[PDB]
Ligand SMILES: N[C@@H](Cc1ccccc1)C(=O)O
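Consider the single chain below, provided in structure tokens and representing the form deposited without the ligand.
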């Protein structure tokens, strides 16, 4: 912890919100999504190719400009306010974000760029980048992952171009908001935008996974879209959400300068997609540099089909860690950072298997079961003991927790 943070050549004074970790910092700028041949870059190029094809292939398809090198450091206004996220919304919890301070943060999603790009006059674009969130620790969650945003605007004439008396139809009106549309949108408009959205995503998935993937649309919520959806893909007997989307909140589109227009947007988890497309077991493999893994994504063209062969799964070592939280001063996702710092990518997952308050003291006890597993080799009991003991001492010094063990 400190007084000034220096990130990407810029300086940020620290305050009550500051909670960025040196570990996260060592990863900012990495840009896996722009790394030639990396599984993520691969998915990026394939999505890009699809959009390009569609532009040249169909007259109605617009040209999508692509931005994959925007700095992840944004203002809380870009990441939250511009997307209409309430001041008291849980997604703002310091516990789930990496804030430099009260006004700047590492983006939690690529949607943080929607407003500025809209304000710049663009009608169709894609933003691809690393995003950051403080989350639990397991093979499916990492503090850093990547997303690809897409925004598509429609003018009234463009939307109803294929309808006989379409110029008589409108985009806007003043009714009420319902489960199916916004208060200022016509059902006519929404039905067409929604259909375009789903057809676009469905075709993209078809291009990425082939005609023989099981997908389902699920209704959800986002403060920046409505109606909103999550597309899920059934993989290994299990419906997994791979993207979020919907019809852009008109207030957002209006404040950016495009009253005129109505649009849709979506944000899809490149990791999630990659893990499904190539089986990848574990999110941590995206960050290793074991050429048993990377060498498998060295294709002649992004069209050559990678036939990923999962590495061996080495034995894990499991150790529990208990302690006392301080006096009303502690967060779960905190200890999770001490863990990422000390155990790094050696930790496969952390589980809070138990927690209780002592009557006398008033002083809550936490017991975490940490699974230590190397993605590249067999960890010995010895080295794990050393990492586990360092985590133990660190907890006691830098989480005011008491050595209960």
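Residue numbers count along the first chain shown, from 1.
Per the PDB record, of the two stretches 301-309 and 149-157, 301-309 carries the greater mean B-factor over its C-alpha atoms.
Higher mean CA temperature factor between 203-211 and 127-135: 203-211, per the PDB entry. Out of 371, 61, 65, 378, the entry records its largest CA B-factor for 61.
Reading the B-factor column for the CA atoms of 255, 184, 168, 110 in the entry, the top value corresponds to 168. In the PDB entry, a CA B factor belonging to the lowest third of its chain's modelled residues is recorded for residue 194. Looking at the C-alpha B-factors along this chain, the one for residue 283 belongs to the middle third. Ranked against the other modelled residues of its chain, the C-alpha B-factor of residue 319 as given in the entry falls in the highest third. Sort the modelled residues of the chain by CA B factor and residue 76 lands in the middle third. For residue 247, the recorded CA B-factor ranks within the lowest third of the chain. Only modelled residues enter the ranking.
The form deposited with the ligand bound exists for this protein as well; it is not shown, and the discussion that follows is about that form.
Site status: open, since the ligand, placed by superposing the C-alphas around its site in the deposited bound form, has no atom within 2.4 Å of backbone or C-beta atoms. Of the stretches 67-75, 218-226, 304-312, 186-194, only 218-226 has residues with a heavy atom within 4.5 Å of the ligand in the deposited bound form. Among residues of the shown chain, residue 100 is not one whose heavy atoms approach the ligand to within 4.5 Å in the deposited bound form. Among residues of the shown chain, residue 149 is one whose heavy atoms approach the ligand to within 4.5 Å in the deposited bound form.
Among heavy atoms of residue 181, none comes within 4.5 Å of the ligand in the deposited bound form. The ligand is not shown here, but in the deposited bound form it comes within 4.5 Å of a heavy atom of residue 133. Note on contacts: among 127, 105, 265, 118, the single residue with a heavy atom within 4.5 Å of the ligand in the deposited bound form is 265. Just one of 109, 92, 284, 261 comes within 4.5 Å of the ligand in the deposited bound form, counting any heavy atom, and that one is 109.
Taking the ligand as positioned in the deposited bound form, the only residue of 113-127 that brings a heavy atom within 4.5 Å of it is 114.
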